[PDB]
Amino acid sequence: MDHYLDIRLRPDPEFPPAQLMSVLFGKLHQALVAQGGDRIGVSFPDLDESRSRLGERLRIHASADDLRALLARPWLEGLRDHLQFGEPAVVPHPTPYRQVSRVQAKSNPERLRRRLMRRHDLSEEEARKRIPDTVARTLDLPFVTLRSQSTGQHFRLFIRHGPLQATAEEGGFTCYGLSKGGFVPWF
Amino acid sequence: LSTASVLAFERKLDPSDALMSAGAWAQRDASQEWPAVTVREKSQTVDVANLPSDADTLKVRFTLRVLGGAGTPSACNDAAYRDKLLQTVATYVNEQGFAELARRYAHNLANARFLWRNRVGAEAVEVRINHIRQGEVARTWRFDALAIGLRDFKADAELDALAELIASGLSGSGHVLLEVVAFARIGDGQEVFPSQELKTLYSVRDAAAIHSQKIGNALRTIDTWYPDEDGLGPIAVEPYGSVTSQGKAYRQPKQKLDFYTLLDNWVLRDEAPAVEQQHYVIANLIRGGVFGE
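- Its PDB record attributes the structure to cryo-EM, giving the resolution as 3.37 Å.

What follows is the structure in C-alpha coordinates.
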(Lines give C-alpha, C1' and ligand atoms only; values in the text may rest on other atoms or scores of the structure.)
Protein backbone atom coordinates (compact mmCIF):
# COMPACT_ATOMS: atom_id res chain seq x y z
CA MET A 1 0.00 0.00 0.00
CA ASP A 2 2.46 2.55 -1.35
CA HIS A 3 0.67 5.83 -2.03
CA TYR A 4 0.56 8.54 0.62
CA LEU A 5 -0.96 11.99 1.13
CA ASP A 6 0.44 14.14 3.97
CA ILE A 7 -2.31 16.58 4.96
CA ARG A 8 -0.77 19.29 7.15
CA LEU A 9 -3.26 21.50 8.98
CA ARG A 10 -2.17 25.12 8.73
CA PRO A 11 -2.28 26.99 12.07
CA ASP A 12 -4.86 29.73 12.52
CA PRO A 13 -6.65 31.64 15.28
CA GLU A 14 -9.87 30.66 13.27
CA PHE A 15 -10.50 27.13 14.65
CA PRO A 16 -8.13 25.70 17.34
CA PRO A 17 -7.16 22.10 16.29
CA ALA A 18 -8.70 18.93 17.50
CA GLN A 19 -12.23 20.02 16.53
CA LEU A 20 -10.58 20.38 13.13
CA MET A 21 -9.52 16.72 13.13
CA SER A 22 -13.13 15.69 13.73
CA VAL A 23 -14.29 17.82 10.79
CA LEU A 24 -11.61 15.99 8.77
CA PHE A 25 -12.66 12.48 9.82
CA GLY A 26 -16.33 13.42 9.37
CA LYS A 27 -15.48 14.48 5.85
CA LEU A 28 -13.69 11.12 5.55
CA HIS A 29 -16.75 9.02 6.40
CA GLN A 30 -18.53 11.44 4.05
CA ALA A 31 -16.40 10.21 1.13
CA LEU A 32 -16.37 6.63 2.45
CA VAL A 33 -19.87 5.57 1.38
CA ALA A 34 -19.27 6.78 -2.19
CA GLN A 35 -17.33 3.56 -2.91
CA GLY A 36 -16.90 0.87 -0.17
CA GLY A 37 -14.78 0.63 3.01
CA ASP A 38 -12.46 -2.44 2.87
CA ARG A 39 -9.15 -1.07 1.34
CA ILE A 40 -8.13 2.30 2.90
CA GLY A 41 -7.82 3.56 6.40
CA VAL A 42 -5.89 6.31 8.11
CA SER A 43 -2.67 6.79 10.07
CA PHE A 44 -1.25 9.56 12.35
CA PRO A 45 2.43 10.10 11.55
CA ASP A 46 5.20 11.97 13.41
CA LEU A 47 2.64 13.17 15.98
CA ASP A 48 2.43 10.76 18.90
CA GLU A 49 5.06 12.18 21.27
CA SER A 50 2.84 13.12 24.20
CA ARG A 51 0.68 10.11 25.02
CA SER A 52 -2.74 11.77 24.75
CA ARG A 53 -2.33 13.99 21.69
CA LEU A 54 -2.99 13.20 18.03
CA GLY A 55 -2.33 16.53 16.36
CA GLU A 56 -2.75 17.75 12.80
CA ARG A 57 -1.57 15.22 10.13
CA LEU A 58 -3.65 12.51 8.45
CA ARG A 59 -1.97 10.27 5.87
CA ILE A 60 -4.08 8.71 3.12
CA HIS A 61 -2.92 5.15 2.57
CA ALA A 62 -4.52 3.41 -0.41
CA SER A 63 -2.05 2.39 -3.12
CA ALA A 64 -2.86 4.75 -6.03
CA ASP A 65 -6.45 3.59 -6.54
CA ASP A 66 -8.36 5.25 -3.70
CA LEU A 67 -6.13 8.29 -3.62
CA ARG A 68 -6.59 9.82 -7.07
CA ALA A 69 -10.00 8.25 -7.71
CA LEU A 70 -11.78 8.55 -4.35
CA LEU A 71 -11.16 11.91 -2.70
CA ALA A 72 -8.80 14.11 -4.73
CA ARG A 73 -10.13 13.89 -8.28
CA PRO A 74 -13.48 12.01 -8.02
CA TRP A 75 -14.95 14.01 -5.11
CA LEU A 76 -15.39 17.50 -3.71
CA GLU A 77 -13.04 17.85 -0.75
CA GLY A 78 -14.47 20.60 1.40
CA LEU A 79 -12.33 22.83 3.61
CA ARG A 80 -9.21 23.30 1.42
CA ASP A 81 -8.11 26.52 3.17
CA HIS A 82 -6.60 25.39 6.48
CA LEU A 83 -5.01 22.33 4.83
CA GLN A 84 -3.51 23.25 1.40
CA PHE A 85 -2.70 19.60 0.69
CA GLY A 86 -0.31 18.46 -2.02
CA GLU A 87 0.53 15.69 -4.49
CA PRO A 88 1.13 11.97 -3.82
CA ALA A 89 4.13 9.72 -4.51
CA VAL A 90 5.39 6.22 -3.62
CA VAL A 91 6.39 5.35 -0.06
CA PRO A 92 9.83 4.11 1.12
CA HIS A 93 10.50 0.60 2.49
CA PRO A 94 11.04 0.49 6.28
CA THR A 95 9.98 -2.29 8.68
CA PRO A 96 7.74 -0.65 11.33
CA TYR A 97 5.44 -3.77 11.67
CA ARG A 98 2.45 -1.77 10.37
CA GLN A 99 -0.51 -1.74 12.74
CA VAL A 100 -3.03 0.85 13.93
CA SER A 101 -6.52 0.15 15.27
CA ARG A 102 -9.38 1.55 17.34
CA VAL A 103 -10.90 0.76 20.74
CA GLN A 104 -13.93 1.66 22.85
CA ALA A 105 -14.18 1.13 26.62
CA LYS A 106 -16.69 1.79 29.41
CA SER A 107 -16.75 5.01 31.43
CA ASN A 108 -20.46 5.47 32.33
CA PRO A 109 -22.28 2.70 34.25
CA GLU A 110 -25.73 4.04 33.29
CA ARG A 111 -25.75 2.29 29.88
CA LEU A 112 -24.73 -1.03 31.40
CA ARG A 113 -27.30 -0.76 34.18
CA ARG A 114 -29.97 0.25 31.66
CA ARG A 115 -29.38 -3.03 29.87
CA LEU A 116 -29.38 -4.73 33.27
CA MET A 117 -32.88 -3.26 33.67
CA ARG A 118 -34.06 -4.90 30.42
CA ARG A 119 -32.02 -8.08 30.99
CA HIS A 120 -34.87 -10.23 32.29
CA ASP A 121 -37.00 -7.51 33.96
CA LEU A 122 -34.41 -7.52 36.72
CA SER A 123 -34.90 -5.85 40.10
CA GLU A 124 -32.97 -2.66 40.65
CA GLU A 125 -30.54 -3.64 43.42
CA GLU A 126 -28.71 -6.23 41.31
CA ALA A 127 -29.08 -3.79 38.42
CA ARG A 128 -27.24 -1.27 40.61
CA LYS A 129 -24.40 -3.24 42.25
CA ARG A 130 -23.81 -6.75 40.94
CA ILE A 131 -20.19 -5.91 40.02
CA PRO A 132 -20.78 -2.43 38.59
CA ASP A 133 -18.48 0.02 36.83
CA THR A 134 -19.13 2.55 39.61
CA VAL A 135 -15.87 1.64 41.37
CA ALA A 136 -13.55 2.69 38.54
CA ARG A 137 -14.01 4.43 35.19
CA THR A 138 -11.73 3.73 32.24
CA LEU A 139 -10.03 6.28 30.00
CA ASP A 140 -8.48 5.92 26.55
CA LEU A 141 -5.65 8.26 25.79
CA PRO A 142 -5.83 9.72 22.22
CA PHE A 143 -9.13 11.31 21.34
CA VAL A 144 -11.30 12.92 18.66
CA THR A 145 -14.79 14.44 18.79
CA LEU A 146 -16.69 13.03 15.76
CA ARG A 147 -20.28 14.30 15.44
CA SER A 148 -22.71 11.60 14.29
CA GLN A 149 -23.97 10.91 10.77
CA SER A 150 -27.72 10.14 10.91
CA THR A 151 -30.53 10.51 13.49
CA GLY A 152 -28.39 10.26 16.59
CA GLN A 153 -25.87 11.85 18.90
CA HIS A 154 -22.12 12.08 18.62
CA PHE A 155 -19.74 9.13 18.64
CA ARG A 156 -16.35 9.28 20.39
CA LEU A 157 -13.60 7.44 18.54
CA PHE A 158 -10.53 6.29 20.48
CA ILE A 159 -7.60 5.01 18.41
CA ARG A 160 -4.36 3.27 19.37
CA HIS A 161 -1.23 2.42 17.41
CA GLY A 162 -0.22 -1.23 17.45
CA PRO A 163 3.11 -3.00 17.94
CA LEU A 164 5.84 -0.62 16.74
CA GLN A 165 8.72 -3.09 17.06
CA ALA A 166 11.11 -2.86 14.09
CA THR A 167 11.39 -6.61 13.55
CA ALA A 168 9.41 -7.81 10.51
CA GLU A 169 6.25 -7.33 8.44
CA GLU A 170 3.53 -9.32 6.70
CA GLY A 171 0.80 -9.02 4.11
CA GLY A 172 -2.28 -8.19 6.15
CA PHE A 173 -5.71 -6.66 5.69
CA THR A 174 -6.29 -3.10 4.52
CA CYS A 175 -8.86 -1.72 6.97
CA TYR A 176 -10.73 -3.74 9.55
CA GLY A 177 -13.55 -1.92 11.29
CA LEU A 178 -15.16 0.81 9.21
CA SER A 179 -12.70 3.50 8.10
CA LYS A 180 -9.49 2.97 10.11
CA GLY A 181 -6.71 0.86 8.67
CA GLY A 182 -5.18 -2.50 9.43
CA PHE A 183 -1.66 -2.83 8.04
CA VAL A 184 -0.43 0.71 7.22
CA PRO A 185 3.16 1.92 6.66
CA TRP A 186 5.02 4.03 9.19
CA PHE A 187 8.11 6.15 8.61
CA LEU B 1 4.90 65.65 28.71
CA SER B 2 3.31 62.52 30.19
CA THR B 3 0.29 60.28 29.71
CA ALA B 4 -3.13 60.98 31.22
CA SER B 5 -4.43 58.78 34.02
CA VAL B 6 -7.42 57.69 31.90
CA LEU B 7 -7.82 57.72 28.12
CA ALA B 8 -10.84 55.92 26.67
CA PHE B 9 -11.80 55.46 23.02
CA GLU B 10 -15.34 54.39 22.18
CA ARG B 11 -16.48 51.63 19.85
CA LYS B 12 -16.45 52.57 16.25
CA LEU B 13 -17.22 49.69 13.85
CA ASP B 14 -20.32 48.54 15.71
CA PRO B 15 -21.78 45.14 14.73
CA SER B 16 -25.13 43.69 15.74
CA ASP B 17 -26.25 40.19 16.72
CA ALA B 18 -26.55 38.15 13.52
CA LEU B 19 -29.98 36.54 13.44
CA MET B 20 -29.91 33.03 11.99
CA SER B 21 -32.78 31.11 10.46
CA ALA B 22 -33.59 28.22 8.15
CA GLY B 23 -34.13 28.23 4.41
CA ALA B 24 -33.86 26.34 1.14
CA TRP B 25 -31.36 26.39 -1.70
CA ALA B 26 -31.55 28.71 -4.75
CA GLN B 27 -34.32 30.83 -3.13
CA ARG B 28 -32.04 33.73 -2.23
CA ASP B 29 -34.23 36.61 -3.43
CA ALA B 30 -37.46 36.74 -1.37
CA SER B 31 -35.98 36.48 2.13
CA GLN B 32 -38.69 37.67 4.51
CA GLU B 33 -40.68 34.62 5.70
CA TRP B 34 -38.40 31.90 7.05
CA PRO B 35 -38.78 30.72 10.67
CA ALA B 36 -36.00 31.51 13.12
CA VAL B 37 -34.33 28.40 14.54
CA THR B 38 -34.53 28.15 18.34
CA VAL B 39 -32.76 25.89 20.86
CA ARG B 40 -34.07 22.62 22.33
CA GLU B 41 -32.97 20.57 25.34
CA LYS B 42 -31.65 17.00 25.41
CA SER B 43 -29.37 14.82 27.51
CA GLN B 44 -25.60 16.79 32.74
CA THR B 45 -28.36 18.05 30.46
CA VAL B 46 -27.36 19.85 27.26
CA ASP B 47 -29.03 22.42 25.02
CA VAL B 48 -28.85 21.50 21.33
CA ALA B 49 -30.26 23.39 18.32
CA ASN B 50 -30.61 21.49 15.04
CA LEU B 51 -31.85 22.38 11.58
CA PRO B 52 -35.02 20.65 10.32
CA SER B 53 -34.95 17.90 7.72
CA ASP B 54 -36.46 20.06 4.93
CA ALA B 55 -34.13 23.02 5.59
CA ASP B 56 -30.77 22.66 3.83
CA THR B 57 -29.77 26.35 3.98
CA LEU B 58 -28.90 28.63 6.90
CA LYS B 59 -29.41 32.38 6.63
CA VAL B 60 -27.50 34.83 8.79
CA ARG B 61 -28.39 38.54 8.84
CA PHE B 62 -26.46 41.34 10.49
CA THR B 63 -26.50 45.12 10.08
CA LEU B 64 -23.11 46.74 10.68
CA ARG B 65 -23.15 50.46 11.29
CA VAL B 66 -19.96 52.50 11.43
CA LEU B 67 -19.68 55.62 13.59
CA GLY B 68 -16.55 57.52 12.57
CA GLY B 69 -14.46 60.12 14.30
CA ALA B 70 -11.51 57.81 14.84
CA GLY B 71 -8.95 59.50 17.05
CA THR B 72 -11.37 61.39 19.29
CA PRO B 73 -11.06 60.40 22.97
CA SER B 74 -13.97 60.75 25.37
CA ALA B 75 -12.30 60.92 28.81
CA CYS B 76 -8.89 62.49 29.42
CA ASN B 77 -6.93 64.43 32.04
CA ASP B 78 -4.96 67.06 30.08
CA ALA B 79 -5.48 69.03 26.88
CA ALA B 80 -1.81 68.87 25.83
CA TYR B 81 -1.78 65.08 25.37
CA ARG B 82 -5.18 65.35 23.68
CA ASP B 83 -3.84 67.94 21.23
CA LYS B 84 -0.78 65.85 20.40
CA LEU B 85 -2.95 62.73 20.03
CA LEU B 86 -5.26 64.52 17.60
CA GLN B 87 -2.10 65.65 15.80
CA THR B 88 -0.97 62.01 15.49
CA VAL B 89 -4.31 60.84 14.11
CA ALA B 90 -4.30 63.90 11.83
CA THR B 91 -0.88 63.13 10.39
CA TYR B 92 -2.02 59.53 9.96
CA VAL B 93 -5.16 60.44 7.99
CA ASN B 94 -3.28 63.08 5.97
CA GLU B 95 -0.29 60.81 5.33
CA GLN B 96 -2.58 57.93 4.30
CA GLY B 97 -6.31 57.63 4.90
CA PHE B 98 -8.58 54.71 5.75
CA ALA B 99 -7.55 52.90 2.57
CA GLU B 100 -5.54 49.87 3.70
CA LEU B 101 -7.71 49.08 6.73
CA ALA B 102 -11.10 49.31 5.02
CA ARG B 103 -10.13 46.84 2.30
CA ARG B 104 -9.42 44.31 5.06
CA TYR B 105 -12.71 45.08 6.82
CA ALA B 106 -14.60 44.72 3.53
CA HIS B 107 -12.72 41.47 2.88
CA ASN B 108 -13.81 40.04 6.23
CA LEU B 109 -17.37 41.07 5.37
CA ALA B 110 -16.91 39.55 1.89
CA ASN B 111 -15.72 36.10 2.90
CA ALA B 112 -18.09 34.57 5.46
CA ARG B 113 -15.61 34.60 8.32
CA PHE B 114 -18.44 35.58 10.68
CA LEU B 115 -20.02 32.16 10.21
CA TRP B 116 -17.65 30.65 12.81
CA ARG B 117 -18.28 26.88 13.02
CA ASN B 118 -20.37 26.61 9.95
CA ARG B 119 -17.98 27.87 7.24
CA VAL B 120 -15.67 24.90 7.96
CA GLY B 121 -18.13 22.57 6.21
CA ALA B 122 -20.13 25.04 4.16
CA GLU B 123 -20.71 23.88 0.60
CA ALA B 124 -21.81 27.26 -0.80
CA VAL B 125 -22.07 30.65 0.93
CA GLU B 126 -23.27 33.73 -0.95
CA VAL B 127 -23.26 37.20 0.62
CA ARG B 128 -25.41 40.19 -0.35
CA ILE B 129 -24.39 43.56 1.12
CA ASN B 130 -26.82 46.48 0.87
CA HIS B 131 -25.82 50.05 1.72
CA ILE B 132 -28.80 51.69 3.41
CA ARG B 133 -28.99 55.37 2.43
CA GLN B 134 -32.43 56.60 3.50
CA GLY B 135 -34.55 53.59 4.46
CA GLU B 136 -33.88 51.21 1.58
CA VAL B 137 -30.99 50.08 -0.62
CA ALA B 138 -28.62 52.52 -2.31
CA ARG B 139 -26.04 50.13 -3.76
CA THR B 140 -26.01 46.33 -3.60
CA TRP B 141 -23.23 43.75 -3.81
CA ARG B 142 -22.87 40.05 -4.60
CA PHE B 143 -19.97 37.85 -3.49
CA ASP B 144 -19.29 34.18 -2.84
CA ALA B 145 -17.35 33.24 0.29
CA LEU B 146 -15.46 30.36 -1.35
CA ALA B 147 -13.90 32.36 -4.20
CA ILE B 148 -12.54 34.91 -1.71
CA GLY B 149 -9.67 33.52 0.34
CA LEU B 150 -9.14 33.72 4.09
CA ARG B 151 -5.38 34.32 4.25
CA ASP B 152 -4.36 36.23 1.09
CA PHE B 153 -5.34 39.75 0.04
CA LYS B 154 -7.44 39.63 -3.13
CA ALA B 155 -8.51 42.51 -5.39
CA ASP B 156 -11.71 43.62 -7.11
CA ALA B 157 -13.36 46.82 -8.29
CA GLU B 158 -16.58 46.20 -6.35
CA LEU B 159 -14.53 45.39 -3.26
CA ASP B 160 -12.66 48.65 -3.88
CA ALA B 161 -16.07 50.36 -3.95
CA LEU B 162 -17.04 48.74 -0.64
CA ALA B 163 -13.68 49.77 0.81
CA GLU B 164 -14.29 53.33 -0.42
CA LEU B 165 -17.75 53.28 1.20
CA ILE B 166 -16.42 52.10 4.57
CA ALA B 167 -13.54 54.59 4.25
CA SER B 168 -15.98 57.44 3.59
CA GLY B 169 -17.62 56.26 6.77
CA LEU B 170 -14.61 56.04 9.10
CA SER B 171 -13.14 59.31 7.83
CA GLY B 172 -16.27 61.05 9.10
CA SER B 173 -17.96 61.91 5.80
CA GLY B 174 -21.24 60.04 6.05
CA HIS B 175 -23.67 57.76 7.82
CA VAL B 176 -22.83 54.17 6.88
CA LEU B 177 -25.12 51.20 7.48
CA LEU B 178 -24.56 47.88 5.71
CA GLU B 179 -27.13 45.10 5.80
CA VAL B 180 -25.28 41.83 5.15
CA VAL B 181 -27.23 38.64 4.48
CA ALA B 182 -25.35 35.37 4.00
CA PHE B 183 -27.05 32.31 2.50
CA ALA B 184 -25.19 29.07 3.22
CA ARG B 185 -26.10 25.62 1.98
CA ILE B 186 -25.29 23.17 4.77
CA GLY B 187 -27.63 20.29 3.97
CA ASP B 188 -30.39 18.50 5.82
CA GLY B 189 -30.22 18.45 9.60
CA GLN B 190 -26.62 19.25 10.55
CA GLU B 191 -25.46 21.04 13.71
CA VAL B 192 -25.49 24.82 13.55
CA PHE B 193 -23.51 26.68 16.22
CA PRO B 194 -25.12 29.68 17.86
CA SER B 195 -23.18 31.09 20.77
CA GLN B 196 -23.02 29.44 24.18
CA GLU B 197 -24.08 31.07 27.44
CA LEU B 198 -22.48 30.73 30.89
CA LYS B 199 -24.38 24.04 28.30
CA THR B 200 -26.98 26.64 27.33
CA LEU B 201 -27.27 28.19 23.88
CA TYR B 202 -28.10 31.85 23.28
CA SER B 203 -31.54 32.95 22.10
CA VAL B 204 -33.23 36.33 22.41
CA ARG B 205 -37.02 35.75 21.98
CA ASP B 206 -37.29 32.03 21.05
CA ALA B 207 -34.72 32.68 18.30
CA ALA B 208 -31.04 31.74 18.42
CA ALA B 209 -28.31 34.01 17.07
CA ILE B 210 -24.60 34.79 17.22
CA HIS B 211 -23.31 37.37 19.72
CA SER B 212 -22.27 40.88 18.72
CA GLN B 213 -18.59 40.79 19.62
CA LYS B 214 -18.22 37.36 18.00
CA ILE B 215 -18.99 39.02 14.66
CA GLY B 216 -16.93 41.98 15.87
CA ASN B 217 -13.94 39.68 16.31
CA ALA B 218 -14.62 38.16 12.89
CA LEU B 219 -13.69 41.42 11.15
CA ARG B 220 -10.88 42.50 13.48
CA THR B 221 -8.64 39.87 11.80
CA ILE B 222 -6.57 42.54 10.07
CA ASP B 223 -3.29 42.25 12.00
CA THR B 224 -0.53 40.84 9.80
CA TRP B 225 2.02 43.40 11.03
CA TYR B 226 3.94 41.43 13.65
CA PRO B 227 7.45 40.01 13.66
CA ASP B 228 6.75 36.27 13.81
CA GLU B 229 8.02 33.62 11.46
CA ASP B 230 4.82 32.99 9.54
CA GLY B 231 2.32 30.17 9.93
CA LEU B 232 -0.55 31.70 11.88
CA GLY B 233 -1.88 34.20 9.35
CA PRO B 234 -3.94 37.32 10.06
CA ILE B 235 -4.66 37.59 13.77
CA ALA B 236 -7.03 39.86 15.70
CA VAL B 237 -5.97 43.24 17.07
CA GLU B 238 -5.26 43.58 20.80
CA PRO B 239 -2.50 45.23 22.83
CA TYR B 240 0.02 42.41 23.22
CA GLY B 241 -1.76 40.71 20.31
CA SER B 242 -2.64 37.20 21.37
CA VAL B 243 -4.93 34.27 20.62
CA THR B 244 -6.71 32.68 23.56
CA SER B 245 -7.33 29.27 21.97
CA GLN B 246 -3.71 28.68 20.94
CA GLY B 247 -2.27 30.02 24.19
CA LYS B 248 0.36 32.00 22.28
CA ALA B 249 0.92 35.65 23.21
CA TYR B 250 2.81 37.78 20.69
CA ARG B 251 3.83 41.48 20.88
CA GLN B 252 5.18 40.97 24.40
CA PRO B 253 6.70 44.06 26.08
CA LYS B 254 10.28 42.75 25.86
CA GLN B 255 10.11 43.34 22.10
CA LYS B 256 8.82 46.83 21.31
CA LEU B 257 5.92 45.78 19.08
CA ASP B 258 2.97 46.33 21.45
CA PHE B 259 0.46 49.18 21.73
CA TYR B 260 1.72 51.12 24.76
CA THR B 261 5.46 51.48 24.04
CA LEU B 262 4.59 52.29 20.43
CA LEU B 263 2.14 54.91 21.74
CA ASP B 264 4.54 56.78 24.00
CA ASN B 265 7.25 56.51 21.34
CA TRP B 266 5.00 57.95 18.60
CA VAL B 267 2.71 60.41 20.41
CA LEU B 268 5.27 61.91 22.80
CA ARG B 269 8.56 61.70 20.90
CA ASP B 270 7.53 60.81 17.28
CA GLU B 271 8.95 57.37 16.52
CA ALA B 272 6.74 55.04 14.48
CA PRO B 273 7.24 53.25 11.13
CA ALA B 274 5.61 54.07 7.81
CA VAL B 275 2.69 51.68 7.32
CA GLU B 276 2.52 48.46 9.30
CA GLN B 277 2.70 49.18 13.03
CA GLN B 278 0.99 52.51 12.37
CA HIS B 279 -1.91 50.53 10.90
CA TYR B 280 -1.85 48.37 14.05
CA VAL B 281 -2.01 51.32 16.46
CA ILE B 282 -4.78 53.05 14.48
CA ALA B 283 -6.71 49.76 14.32
CA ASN B 284 -6.45 49.51 18.11
CA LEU B 285 -7.67 53.11 18.50
CA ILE B 286 -10.61 52.29 16.20
CA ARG B 287 -11.38 49.18 18.28
CA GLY B 288 -11.39 51.26 21.46
CA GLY B 289 -10.57 50.69 25.08
CA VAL B 290 -9.00 52.26 28.16
CA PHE B 291 -5.34 53.28 28.12
CA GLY B 292 -3.09 55.21 30.47
CA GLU B 293 -2.01 54.69 34.06
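There's plenty left to go through after this.
**Concerning the overall build of chain B**
Right, on to step 1. Along its length, chain B carries six helices and 10 strands.
Right, on to step 2. Taken over C-alpha atoms, the radius of gyration comes to 21 Å for chain B, in line with the 19 Å a tight globule of 293 residues would show.
Right, on to step 3. With the principal axes as the frame, chain B shows a C-alpha extent of 65 × 50 × 35 Å.

**Some points on helix α6 (residues 276-287) of chain B**
All names here are of chain B.
Right, on to step 1. Here α6 spans 17 Å end to end across 12 residues, near enough to the 16 Å set by a 1.5 Å rise per residue.
Right, on to step 2. Of all 12 residues in α6, 10 are buried; the element is thus mostly enclosed.
Right, on to step 3. Taken together, the buried positions of α6 are occupied by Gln277, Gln278, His279, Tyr280, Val281, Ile282, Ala283, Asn284, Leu285 and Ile286.
Right, on to step 4. Contacts made by the buried residues of α6 are with β1 (7-9), α1 (79-95), α2 (100-110), α3 (157-170), α5 (260-266) and β10 (289-291).
Right, on to step 5. In the stretch just after α6, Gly288 is the one whose phi turns positive, near 95 degrees.

**Examining the packing of aromatic side chains**
Residue and element names in this part refer to chain B.
Right, on to step 1. Tallying each qualifying case throughout the model produces 10 aromatic pairs over all chains.
Right, on to step 2. One aromatic cluster in this structure is built from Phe9, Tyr240, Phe259, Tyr260 and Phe291.
Right, on to step 3. Just above the ring of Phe193 sits the side chain of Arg117; from NZ or CZ to the centre is 4.7 Å.

**Observations regarding the environment of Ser52 of chain A**
Residue and element names in this part refer to chain A.
Right, on to step 1. Residue position: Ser52 is located in the loop between α1 (19-26) and β2 (57-60).
Right, on to step 2. Residues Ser52 and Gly37, 15 residues apart in the sequence, show an inter-C-alpha distance of 27 Å.
Right, on to step 3. Sequence-distant contacts of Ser52, that is, excluding residues within four places in its chain, are made with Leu141, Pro142 and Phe143.
Right, on to step 4. Side chain to side chain, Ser52 and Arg53 meet in a polar contact 2.8 Å long.

**What about the environment of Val48 of chain B?**
Right, on to step 1. Residue position: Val48 of chain B is located in strand β4 (residues 46-48).
Right, on to step 2. Distance from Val48 of chain B to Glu191 of chain B, taken between C-alpha atoms, is 8.3 Å for residues 143 residues apart in sequence.

**Points about the domain arrangement of chain B**
Residues and elements named next belong to chain B.
Right, on to step 1. When its domains are assigned, chain B resolves into domain 1 (1-10 + 70-97 + 222-293) and domain 2 (11-69 + 98-221).
Right, on to step 2. Centre-to-centre separation of domain 1 and domain 2, based on C-alpha positions: 28 Å.
Right, on to step 3. Facing 22 residues of domain 1, the contacting portion of domain 2 comprises 20 residues.
Right, on to step 4. Elements represented by at least two residues in the side of domain 1 that touches domain 2 include exactly α1 and α6.
Right, on to step 5. Here the side of domain 1 that touches domain 2 gets five residues from one element, more than from any other, and that element is α6.
Right, on to step 6. Its residues assigned to classes, the side of domain 1 that touches domain 2 shows 13 nonpolar, six polar and three charged.

**Things to note about the interface of chain A and chain B**
Right, on to step 1. With 11 residues of chain A at the interface, the matching set in chain B holds 16 residues.
Right, on to step 2. Looking at the side of chain A that touches chain B residue by residue, the class counts come to five nonpolar, two polar and four charged.

**Remarks on the packing of α2 of chain B against α3 of chain B**
All names here are of chain B.
Right, on to step 1. Interaxial distance between α2 and α3 falls to 8 Å at its minimum, and their mutual angle equals 120 degrees. Between α2 and α3 lies a crossing of right-handed hand. Contacts from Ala102, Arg103, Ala106, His107, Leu109 and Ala110 in α2 reach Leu159, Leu162, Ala163, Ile166 and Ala167 in α3.
Right, on to step 2. Here the residues of the contact of α2 with α3 sort into nine nonpolar, one polar and one charged.

**Quick notes on the pairing of strand β6 (residues 124-132) of chain B**
Residues and elements named next belong to chain B.
Right, on to step 1. Of all nine residues in β6, eight are buried; the element is thus mostly enclosed.
Right, on to step 2. Relative to strand β9 (residues 176-185), β6 is paired through eight bridges, and the arrangement is antiparallel. Counterpart to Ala124 in the pairing with β9 is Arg185.
Right, on to step 3. As paired strands, β6 and strand β8 (residues 143-144) are joined by two bridges and run antiparallel to one another. Directly across from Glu126, in β8, lies its bridge partner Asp144.

**Digging into the side chain of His131 of chain B**
Residue and element names in this part refer to chain B.
Right, on to step 1. Of note, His131 is situated in strand β6.
Right, on to step 2. By relative accessible area, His131 is classed as buried at 3%.
Right, on to step 3. Once residues within four sequence positions are removed from consideration, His131 is found in contact with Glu136, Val137, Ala138, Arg139, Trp141, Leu165, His175, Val176, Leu177 and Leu178.

**Brief notes about the side chain of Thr221 of chain B**
All names here are of chain B.
Right, on to step 1. As for its position among the elements, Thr221 is in the loop between α4 (212-218) and α5.
Right, on to step 2. The exposure class of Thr221 is buried, given its relative accessible area of 11%.
Right, on to step 3. A polar side-chain atom of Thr221 sits 2.9 Å from a polar atom in the side chain of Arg113.
Right, on to step 4. Once you skip the residues sitting within four places of it in the chain, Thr221 turns out to touch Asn108, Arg113, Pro234, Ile235 and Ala236.

**Side note on a positive patch on the surface**
Residue and element names in this part refer to chain A.
Right, on to step 1. Residues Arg111, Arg114, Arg115 and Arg130 make up a contiguous surface patch of positive charge.
Right, on to step 2. Here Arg130 is to be found in the loop between α3 (124-129) and β4 (158-161).
Right, on to step 3. Among the residues examined, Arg130 registers a relative accessible area of 47% and is labelled partly exposed.

**A few points about α1 of chain B**
Right, on to step 1. The end-to-end C-alpha distance of α1 of chain B, which contains 17 residues, comes to 24 Å, matching closely the 24 Å that a straight helix rising 1.5 Å per residue would cover.
Right, on to step 2. Near the N-terminus of α1 of chain B, the side chain that reaches the backbone nitrogen of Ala80 of chain B, with its oxygen 3.5 Å away, is that of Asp78 of chain B.

What counts, and at which threshold
- Residues numbered from 1 in each chain as written, not as in the entry; some residues may be left out.
- Chains lettered and ligands numbered in written order.
- Part of a larger assembly, values for the part shown.
- Heavy atoms only, no water.
- Residues with missing side-chain atoms left out of burial classes, pairs and counts.
- Helix = DSSP H or I, 4+ residues; strand = E, 2+ residues; numbered from the N terminus.
- Rg over C-alpha atoms; globule rule 2.2 N^0.38 Å.
- Expected span 1.5 Å × (residues − 1).
- Buried < 20%, exposed > 50% of the residue type's maximum accessible area, 1.4 Å probe, protein only.
- Contact = heavy atoms within 4.5 Å.
- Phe/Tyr/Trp six-rings, centres within 6.5 Å; stacked < 30°, edge-to-face > 60°.
- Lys NZ or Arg CZ within 6 Å of the ring centre and 35° of its normal.
- Polar contact = N/O pair within 3.5 Å; in protein donor to acceptor, adjacent residues only side chain to side chain.
- Domains from an automatic or database assignment.
- Nonpolar A, V, L, I, M, F, W, Y, C, P; charged D, E, K, R; others polar.
- Axes fitted to C-alpha atoms, helices over the stretch in contact; angles between N-to-C directions.
- Left-handed = near helix turned anticlockwise from the far one by under 90°.
- Pairing = 2+ DSSP bridges.
- Patch = residues over 30% accessible without salt bridge, like charges linked within 9 Å, V, L, I, M, F, W, Y side chains within 5 Å.
- Areas by Shrake-Rupley, 256 points an atom, 1.4 Å probe, with all protein chains shown as cover.
- Salt bridge = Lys/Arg side-chain N within 4 Å of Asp/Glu carboxyl O.
- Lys, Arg positive; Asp, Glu negative; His and termini not counted.
- Charge placed at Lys NZ, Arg CZ, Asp CG, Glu CD.

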